[PDB]
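Take a look at the letters that make up each chain.
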Amino acid sequence: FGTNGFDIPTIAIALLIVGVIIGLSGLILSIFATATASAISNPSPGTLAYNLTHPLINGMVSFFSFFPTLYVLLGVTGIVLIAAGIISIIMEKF
Amino acid sequence: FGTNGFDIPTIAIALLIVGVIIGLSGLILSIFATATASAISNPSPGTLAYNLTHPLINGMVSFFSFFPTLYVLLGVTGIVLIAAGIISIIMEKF
Amino acid sequence: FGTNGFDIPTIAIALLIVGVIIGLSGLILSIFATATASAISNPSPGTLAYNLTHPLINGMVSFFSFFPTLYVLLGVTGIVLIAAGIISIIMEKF
Amino acid sequence: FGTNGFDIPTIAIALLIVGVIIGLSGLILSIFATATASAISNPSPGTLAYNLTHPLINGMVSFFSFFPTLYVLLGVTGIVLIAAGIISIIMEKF
Amino acid sequence: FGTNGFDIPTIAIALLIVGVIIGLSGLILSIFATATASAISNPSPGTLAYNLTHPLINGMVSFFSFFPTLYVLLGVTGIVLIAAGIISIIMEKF
Amino acid sequence: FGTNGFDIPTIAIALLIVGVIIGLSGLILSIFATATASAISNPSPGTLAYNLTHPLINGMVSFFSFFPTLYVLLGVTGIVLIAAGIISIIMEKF
Amino acid sequence: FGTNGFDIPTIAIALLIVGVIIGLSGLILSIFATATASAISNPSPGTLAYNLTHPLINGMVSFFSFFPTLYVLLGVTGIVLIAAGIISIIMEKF
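Residues numbered from 1 in each chain as written, not as in the entry; some residues may be left out. Chains lettered and ligands numbered in written order. Part of a larger assembly, values for the part shown. Heavy atoms only, no water.

Method information in the entry identifies cryo-EM as the source of the structure, with 5.1 Å recorded as the resolution.

A. Structural context of the overall build of chain A. When its secondary structure is counted, chain A shows two helices and zero strands. A compact globule built from 94 residues should have a C-alpha radius of gyration of about 12 Å, whereas chain A, at 22 Å, is more than 25% larger. Viewed in the frame of its principal axes, chain A has a C-alpha envelope of about 75 × 20 × 15 Å. With 94 residues in all, chain A has 26% of them scored as buried. About 5900 Å² of surface is accessible on chain A, with carbon and sulfur atoms providing 77% of the total. (Helix = DSSP H or I, 4+ residues; strand = E, 2+ residues; numbered from the N terminus. Rg over C-alpha atoms; globule rule 2.2 N^0.38 Å. Buried < 20%, exposed > 50% of the residue type's maximum accessible area, 1.4 Å probe, protein only. Areas by Shrake-Rupley, 256 points an atom, 1.4 Å probe, with all protein chains shown as cover.)

B. View of the environment of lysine 93 of chain D. Residues and elements named next belong to chain D. Topologically, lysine 93 is positioned in helix α2 (residues 48–93). A relative accessible area of 28% places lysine 93 in the partly exposed class. The spacing of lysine 93 and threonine 3 is 90 residues in sequence and 8.1 Å in space, taken between C-alpha atoms. Only 3.3 Å separates the side chain of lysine 93 from the side chain of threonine 3, close enough to count as a polar contact. (Polar contact = N/O pair within 3.5 Å; in protein donor to acceptor, adjacent residues only side chain to side chain.)

C. Representation of the interface of chain F and chain B. With seven residues of chain F at the interface, the matching set in chain B holds seven residues. Of the roughly 800 Å² buried between chain F and chain B, counting both surfaces, carbon and sulfur atoms make up 99%. The three residues of chain F that bury the most area against chain B are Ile79, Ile87 and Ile90 of chain F, which together make up 40% of that side's buried surface. Run the count over chain F and chain B and you get zero salt bridges. The interface formed by chain F and chain B contains zero residue pairs in polar contact. (Contact = heavy atoms within 4.5 Å. Buried area = accessible area lost by both parts, 1.4 Å probe. Salt bridge = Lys/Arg side-chain N within 4 Å of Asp/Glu carboxyl O.)

D. Structural context of empty space enclosed by the protein. Taken as a whole, this structure holds 13 cavities of 30 Å³ or more when the rule is applied. When its volume is computed, the largest cavity comes out at roughly 260 Å³. Lining the largest cavity are 20 residues, with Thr36, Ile40 and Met60 of chain D, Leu52 of chain E together with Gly23 of chain F sitting closest to its centre. Elements with a contribution of two residues or more to the lining of the largest cavity: α1 (8–39) and α2 of chain D, α2 (48–93) of chain E together with α1 (8–39) of chain F. In terms of residue class, the lining of the largest cavity is made up of 14 nonpolar, six polar and no charged. Reported here for the second largest cavity is a volume of approximately 220 Å³. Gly23 of chain A, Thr36, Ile40 and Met60 of chain B together with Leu52 of chain C are, among the 17 residues lining the second largest cavity, the residues nearest its centre. (1 Å grid on protein atoms, 1.4 Å probe; cavity = no way out; pocket = protein on both sides within 12 Å on 5 of 7 lines; lining within 4 Å. Points joined across faces, edges and corners; volume = space filled by probe spheres on them. Nonpolar A, V, L, I, M, F, W, Y, C, P; charged D, E, K, R; others polar.)

E. Just the layout of surface pockets, in detail. Considered as a void within the structure, the largest pocket measures approximately 950 Å³ in volume. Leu24, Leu27 and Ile31 of chain D, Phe32 of chain E together with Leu73 of chain G are the residues nearest the centre of the largest pocket, which is lined by 33 residues in total. Sorting the residues of the lining of the largest pocket by element identifies α1 of chain D, α1 (8–39) of chain E together with α2 (48–93) of chain G as the ones contributing at least two each. A breakdown of the residues in the lining of the largest pocket according to their chemical character gives 25 nonpolar, eight polar and no charged. Considering only enclosed or pocket space, the second largest pocket measures out at about 730 Å³ in volume. Every residue lining the second largest pocket is counted, 29 residues in all, and those nearest its centre are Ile31, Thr34, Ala35 and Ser38 of chain B together with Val72 of chain F. Mapped by element, the contributors of at least two residues to the lining of the second largest pocket are α1 (8–39) of chain A, α1 (8–39) of chain B, α2 (48–93) of chain C, α2 of chain D together with α2 (48–93) of chain F.

F. View of the environment of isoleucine 31 of chain B. One can find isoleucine 31 of chain B in helix α1. In this structure, the C-alpha to C-alpha distance between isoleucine 31 of chain B and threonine 69 of chain B, residues 38 residues apart in sequence, is 21 Å. Once you skip the residues sitting within four places of it in the chain, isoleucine 31 of chain B turns out to touch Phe66 of chain D together with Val76 and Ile79 of chain F.

G. View of the interface of chain F and chain D. Opposite the 37 residues of chain F that make contact, chain D presents 35 residues. Each partner contributes to the roughly 3600 Å² buried at the junction of chain F and chain D, and carbon and sulfur atoms together form 91% of this total. The largest share of the area that chain F buries against chain D comes from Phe1, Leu16 and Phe94 of chain F, three residues that together contribute 17% of it. Viewed at the interface, chain D and chain F are joined by zero salt bridges. Across the contact surface, chain F and chain D share zero residue pairs in polar contact.

H. Examining α1 of chain E more closely. Its 32 residues give α1 of chain E an end-to-end C-alpha distance of 47 Å, which sits within 8% of 46 Å, the value for a rise of 1.5 Å per residue. Every buried residue belonging to α1 of chain E is among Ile11, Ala14, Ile17, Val18, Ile21, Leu24, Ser25, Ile28, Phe32, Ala35 and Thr36 of chain E, and all of these are buried. (Expected span 1.5 Å × (residues − 1).)

I. Representation of the nonpolar core. Ranked by size, the top nonpolar core spans 66 residues in total, and within it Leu70, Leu74 and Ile82 of chain D, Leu70 of chain E together with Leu15 and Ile82 of chain F carry the most contacts. Setting aside residues no more than four positions away along its own chain, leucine 15 of chain F makes contact with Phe67, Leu70, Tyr71 and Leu74 of chain D. One finds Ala33, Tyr71, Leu74 and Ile89 of chain B within the second-largest nonpolar core, a separate group that totals 35 residues. (Core = buried A, V, L, I, M, F, W, Y, C linked by side-chain atoms within 4.5 Å.)

J. Examining helix α2 (residues 48–93) of chain B more closely. Given a rise of 1.5 Å per residue, 46 residues ought to cover 68 Å, and the 70 Å separating the end C-alpha atoms of α2 of chain B matches this to within 8%. For α2 of chain B, the principal kink sits at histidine 54 of chain B and spans about 30°; a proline, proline 55 of chain B, occurs within the next four residues. (Bend = angle between axes of the 7 residues up to and from the residue.)

K. Focus on the packing of aromatic side chains. Tallied over the full model, the rule gives 14 aromatic pairs over all chains. On the basis of an interplanar angle of 25° and a centroid distance of 5.8 Å, the ring pair of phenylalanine 64 of chain D and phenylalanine 67 of chain D is categorised as stacked. One end of the pair, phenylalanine 64 of chain D, and the other, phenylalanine 67 of chain D, are both in helix α2, three residues apart, so they sit about a helical turn from each other. For the pair formed by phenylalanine 64 of chain D and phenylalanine 67 of chain D, the shared burial category is buried. Ring-pair connections join several aromatic residues into one group, and the members of that group are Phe63, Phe64 and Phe67 of chain A. (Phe/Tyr/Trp six-rings, centres within 6.5 Å; stacked < 30°, edge-to-face > 60°.)

L. Structural view of the packing of α1 of chain D against α1 of chain F. Two elements in contact, α1 of chain D and α1 of chain F, have axes separated by 9 Å at closest approach and are oriented at 5°. Judged on the interaxial angle alone, α1 of chain F and α1 of chain D are roughly parallel. Contact residues: α1 of chain D offers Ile17, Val18, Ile21, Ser25, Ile28, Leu29, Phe32 and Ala39 of chain D, while α1 of chain F offers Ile8, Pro9, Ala12, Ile13, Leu16, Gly19, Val20, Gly23, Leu24 and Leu27 of chain F. Taken together, the residues that form the contact of α1 of chain D with α1 of chain F break down as 15 nonpolar, three polar and no charged. (Axes fitted to C-alpha atoms, helices over the stretch in contact; angles between N-to-C directions. Parallel < 35°, antiparallel > 145°, perpendicular 65-115°, else oblique.)

Laid out in structure tokens, this is it:
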């Protein structure tokens, strides 16, 4: 069901695959982050260990804050692909 | 039953395939999302784990909100294809 | 019974095939949709699972609402084909 | 009684086999589950053994709740197969 | 008594075979289902064994409810075959 | 009863095997966990043995809490397999 | 009196053998169970010997309750065999 490479069933299973992969990734990251939070303690506000450890958790927070926008881009990409498929169909179907 | 590649029975089974695939994808995603919701807990509003986990679920929500429009495009595509088939029939059938 | 490729018995069996295929497709989709409806539950209006699952069923509803017009186009196509056959007969039969 | 591989008697005995196998599986699982229920006791709501054992029975319940939908899919599959056989007969029988 | 592969006596014995096989299958399934019904008991409405066993009998009921439509398809198939035989006779007998 | 490797009776006995194995595993783990609970005692809240033993039982509890989600994944896997079988049937059965 | 291995007199003597063997087995088991019942006494409800002996008689009762279903399966098996013989006769007798 297509013209050259645009196959709606193929697109459907592609959406299936991306959705399930994203779900599993989120699940794994949440589970692992729980373990990380359990592992690290809070020694003291101003001792040696605090100076040693604080920037690490800061970078953790930063990167995990960067993720959402990445997910947004991943979401938008598929609309572009499907639109291109529609346009390619239109171009030489007539 | 056609002229070059437009076969109404073929289109019918194509619709069959896309419909069943979409149904199965929705079923699987709903079932898996139930498991995800069960797995992740709510630690606290302001502790370390909250900072660690919140953007992930935010991205989850975002992507799952992006899906509906994708399904809409997938729905519209077939009308374009069938219209092109009708026009191609008309062009050289007379 | 025809001139070049227009054969009324062939058209008859073509109608046979398309009708039976459409019937089977509708039957299968209804049966599967019953199972889908049974499988998915309603967790709560505002919890995590609702946010996780609602757009999926929304897209389901949308696509299944798109189907009827597709069936309409499929229905109209055959009239065009048969009319073209009649015109082709008329053109060089005299 | 068929064309290439579609044999109604073969389909009949296939249905025979699947039905009897499903019956035996259900019988065995029910009998074994009775023994499981008899074996495990209820120590106390909050002691060590409860913490040790509860998630296991929870997973038991979950998986046994997953079975019904699997049986539904197994039921639907045969309709698809028989429909395909009918369509294949129709295609080249004329 | 035929043209290429359509033999009315062969069709007759084919109907014989399918009928007797279906009868035997129904007989065996009914006899075995009686034994299944005798074997499984009703422990209690809400105890562990009920949670352990109920979905199994639910799936049993579902699949056995799916059978009738399958038998209907099996019944309809032969009409298609015999009609195709008649049409094939007509095509080149004249 | 299939096309290449999808055999409904084979799937049925596969479900049989997985169900019975899961039942036996749960039975064995519950029985053994009872013995574990009986064996270990509670020395005192703050003595040497408590410091020596508490993290071990903590890890026990953690892992046994991880099991349920694993069982959930195992449950979901079969739906994916059966759906793929149905789709593979549909693809080239017509 | 048969085609390849299906011999009605052989089946008759086979039924003879199975019936007489089952009768003798039942006779022997009943006679021996009478002796068992005579041998074991009832010491007291709560003394050492009761704790020592009760699960044994419980298992006795359980296994003897399992026998009836086994006899049912043994009964059903022969119908399957004879039906297969009839079908095999039908297949190539014509």
